[PDB]
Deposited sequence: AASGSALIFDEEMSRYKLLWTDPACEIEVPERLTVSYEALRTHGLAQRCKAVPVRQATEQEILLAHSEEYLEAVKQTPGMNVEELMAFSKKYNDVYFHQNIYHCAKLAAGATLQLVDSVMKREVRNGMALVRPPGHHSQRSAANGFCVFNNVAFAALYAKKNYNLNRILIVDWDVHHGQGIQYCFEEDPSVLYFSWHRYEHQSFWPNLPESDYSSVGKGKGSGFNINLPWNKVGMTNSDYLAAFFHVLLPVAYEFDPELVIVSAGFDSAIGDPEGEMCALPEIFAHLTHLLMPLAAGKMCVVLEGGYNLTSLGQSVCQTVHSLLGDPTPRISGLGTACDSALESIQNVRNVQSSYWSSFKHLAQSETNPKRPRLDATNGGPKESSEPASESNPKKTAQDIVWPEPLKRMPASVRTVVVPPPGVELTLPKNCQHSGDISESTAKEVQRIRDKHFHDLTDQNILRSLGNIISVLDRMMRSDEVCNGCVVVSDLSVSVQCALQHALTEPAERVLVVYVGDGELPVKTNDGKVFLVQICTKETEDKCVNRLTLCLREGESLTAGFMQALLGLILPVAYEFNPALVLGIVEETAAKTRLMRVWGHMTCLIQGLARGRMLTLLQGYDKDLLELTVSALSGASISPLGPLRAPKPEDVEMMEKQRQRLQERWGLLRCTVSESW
């Protein structure tokens, strides 16, 4: 399988700049590239990525998305002086030209195609290209918004032609609307374009009516263009995550893309002069991580905007951190989206209701049963202290007097050993332990974590019984996926009873993206505890996405030995790729009704669940 992450960059693309007075473009400086690459080198991230050289995009590759007349007009700019370059740039909106910009434009485009090839050739698992000029505003016969050629549009068309892909997802989290990408794939159902952008009721640049939520695509591409307009500035982490959980992610996993291309503009981060939003650079580590379970991890990150030189480097490294599989930082202070964001999210979901189902040294430690030996990935390891042995003795005599099964005692010693290495040693991140007795193992795992201390523990249990888990003090949230419909009493437990059949994968994924993840992210646990009983596919996507919480510190307790299940949890816990879910039969209405009743029951306490504007009394 593929491994590593590509970092495509070249200092040549920082060798064009603005040569005349223009306050509209004076923020697009060469230092954007040099600051971002040097930030990756300072933090040791560039040295960890496979450096792929940039090449020039050929003429025929440029003609994939641009006209011959516009290409030949740009081709003449290297021969122009300052006066002629100023006159040529006046023919367009918010863009300047340079003697070298046509050279770097072909390099920025070629760098994107180099990144597409390395990912599609399985030479790397994912990658990022630091390019200038940007591209998502560029159109078929016009330069626009600092862009000359549409790099991301090139990547999708290049991937369609040379690899025969049928479904490509484009995620534009830049703060500006990439109308060039929208125009290019307006009638193409093979490319799904998502974009959030500062809109302010069309008053913000580029002031386009097509940037609104009602532009869903044209013809056979209807429903494959998703615009989410930000009508107020200061959007926070809660707004960005609500946009993912309730708009992008449900559509993305139903779309099931064969490749993910990200128009990664970081002017959506706090401190940027263009965006004026308030999301921290840490949010981009999660925006990346939440998309990695798609397309078997094949993700191509292309740089677009980002103009606060300090805010830029921080978010670039947070993106590469997630691409390399590093633990995601904890996000605190999460809550409901603001009213403006909730109105936007509500409107996009309604207009897309007719096109999509959901609307209207060691990273992992494994302890198999005694004697079972299995092949482990490179970053995983098998399992005992004398202090742990004494503590298991102390736990036994106080809480389990009539208990002598010396193999049950073995697992409890491993649970303490694994948890001690996860929280305190900082050398182990997560782990998986095969378990015989559930009630004693869950009790030991949960109680030992609270005194570690883990101030908050999220428990995700796939079973039917009741477990020794107290959820009455705010330190524990219980997520239970069961077979028997249980009346949920209190606002700190989430019980999902899915009506059995061939619709469980679709219903579970909708509950994962729409209920579990929004609640888990607001809860901000210090450790995740996964529990699966013997009587109890989709667990790989759950294990990977849930690692966005608690810095990826998850302990999974598997009851009984299933090598297939064991091998999948360990693979997902270790950071390996997750095989894509195929086409899923749309969820049963009885499950959607059940999931919406739980949202009504919990969204007043966990505002991140809200996908509507609350009714004021």
TODO: Take the full deposited sequence, match it to the modelled residues, and report the stretches without C-alphas.
DONE: 361 to 411, 435 to 436, 590 to 595
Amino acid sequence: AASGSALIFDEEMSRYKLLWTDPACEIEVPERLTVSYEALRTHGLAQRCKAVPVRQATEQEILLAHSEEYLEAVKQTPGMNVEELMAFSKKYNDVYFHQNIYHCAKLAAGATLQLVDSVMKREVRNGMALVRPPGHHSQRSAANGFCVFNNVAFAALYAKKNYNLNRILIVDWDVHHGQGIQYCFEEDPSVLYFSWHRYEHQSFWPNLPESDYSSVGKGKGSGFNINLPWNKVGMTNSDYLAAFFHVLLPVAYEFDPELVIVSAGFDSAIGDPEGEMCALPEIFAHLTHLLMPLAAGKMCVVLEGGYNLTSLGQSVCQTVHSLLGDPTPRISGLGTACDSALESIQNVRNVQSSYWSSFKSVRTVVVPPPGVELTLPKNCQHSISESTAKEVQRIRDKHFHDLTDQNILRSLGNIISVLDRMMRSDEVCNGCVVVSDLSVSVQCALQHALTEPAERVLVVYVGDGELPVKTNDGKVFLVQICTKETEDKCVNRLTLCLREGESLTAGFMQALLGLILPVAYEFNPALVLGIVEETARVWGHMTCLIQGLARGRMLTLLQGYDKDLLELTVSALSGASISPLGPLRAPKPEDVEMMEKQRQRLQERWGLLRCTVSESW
From here on, numbers count along this sequence of modelled residues.
Task: Segment of higher mean CA temperature factor, 58 to 66 or 558 to 566 - done: 558 to 566
- [ ] Mind pulling up the entry and telling me whether 349 to 357 or 432 to 440 has the higher mean Cα temperature factor?
- [x] 432 to 440
TODO: From the list 75, 363, 286, 246, select the residue with the highest C-alpha B factor recorded in the entry.
DONE: 363
Task: Highest recorded Cα temperature factor - choice among 151, 407, 318, 340 - done: 407
Task: Assigned third (lowest, middle, highest) for the C-alpha B factor of residue 612 - done: middle
Open item on the list: Lowest, middle or highest third: which one holds residue 572 when the chain's residues are ordered by CA B-factor from the entry?
Closed with: middle
Task: Chain thirds of CA B-factor: placement of residue 394 - done: highest
TODO: Name the third of the chain's ranked CA B-factors that contains residue 160, choosing lowest, middle or highest.
DONE: middle
Task: Cα B factor band for residue 204 (lowest, middle or highest third within the chain) - done: lowest
